[PDB]
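Enquirer: Experimental structure below, sequence on top.
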Amino acid sequence: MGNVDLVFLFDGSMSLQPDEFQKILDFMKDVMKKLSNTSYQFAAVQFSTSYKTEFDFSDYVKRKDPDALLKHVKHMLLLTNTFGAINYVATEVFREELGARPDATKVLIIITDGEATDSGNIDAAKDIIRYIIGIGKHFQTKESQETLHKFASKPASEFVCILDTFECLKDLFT
């Protein structure tokens, strides 16, 4: 492999209890910590109705403090426009001026529900490896996780998993 540009696109909608949201922040922080000092570069974008880049690549390499980079994050508590969110990342976040690296393989970790409030196509992010982490309890049947497949890369079994175990990210660490 080599250097990769990972972007956390996290669900900041009204469906999450203040607890679940905090679990997402902790999850993100922990993912970043396990990948400290590696070829990885991060950026986080909270989505809901609108999309906000909490911190981008250039911010990461300058601070390298997950906890600090997510200190100011405030729960939006609005809709769940996942489609526009993925498009937002593809065209607005992965930008060289924002700290991205041309040679770096683009990765996107969508920490969400799977229940989107918008339609559309994410054809702009086809070249981005997309993992999808599921928060909430309804992801308790392999058949219920199917709604998440439309956002993640193929095969779905390799890019879709739950936040409690995150069995789809354990390879990134090694």
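Expert: Received it, and whenever you're ready, just let me know what you need. Residues are numbered from 1 along each chain as shown.

Enquirer: mind saving the C-alpha coords of stretch 69-82 as PDB?
Expert: Once non-C-alpha atoms are left out, stretch 69-82 reads as follows in PDB (Å, rounded to 0.1, in the frame of the first residue of the first chain):
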ATOM      1  CA  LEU A  69      -9.800  18.400  16.200                       C
ATOM      2  CA  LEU A  70     -13.200  17.200  17.300                       C
ATOM      3  CA  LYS A  71     -13.600  19.400  20.400                       C
ATOM      4  CA  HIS A  72     -15.700  22.100  18.800                       C
ATOM      5  CA  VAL A  73     -18.000  19.600  17.000                       C
ATOM      6  CA  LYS A  74     -21.600  20.500  17.700                       C
ATOM      7  CA  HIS A  75     -24.500  18.100  16.900                       C
ATOM      8  CA  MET A  76     -26.400  19.500  14.000                       C
ATOM      9  CA  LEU A  77     -29.600  17.500  14.700                       C
ATOM     10  CA  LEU A  78     -31.300  17.900  11.300                       C
ATOM     11  CA  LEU A  79     -32.000  15.700   8.300                       C
ATOM     12  CA  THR A  80     -29.900  12.900   6.900                       C
ATOM     13  CA  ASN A  81     -28.800  13.900   3.400                       C
ATOM     14  CA  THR A  82     -26.200  11.100   2.900                       C
END
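
Enquirer: Give the buried residues for it.
Expert: Residues 69-70, 73, 75-76, 79-82 are the ones in stretch 69-82 that count as buried (16 or more other Cβ atoms under 10 Å). No exception for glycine: its C-beta is placed from N, CA and C like everyone else's.

Enquirer: What is the most widely separated pair among those?
Expert: Across the buried residues of stretch 69-82, no pair lies farther apart than 69 and 79, at 24.7 Å, counting by Cβ to Cβ.

Enquirer: hey, where'd the strands end up in this protein?
Expert: 4-11, 40-47, 51-55, 105-112, 129-134, 160-162 (DSSP state E).

Enquirer: Next, format those strands as CSV and append mean neighbour count.
Expert: Formatted as CSV, the strands of the chain follow (neighbours: other Cβ atoms under 10 Å):
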stretch, mean neighbour count
strand 4-11, 25
strand 40-47, 24
strand 51-55, 19
strand 105-112, 23
strand 129-134, 23
strand 160-162, 21
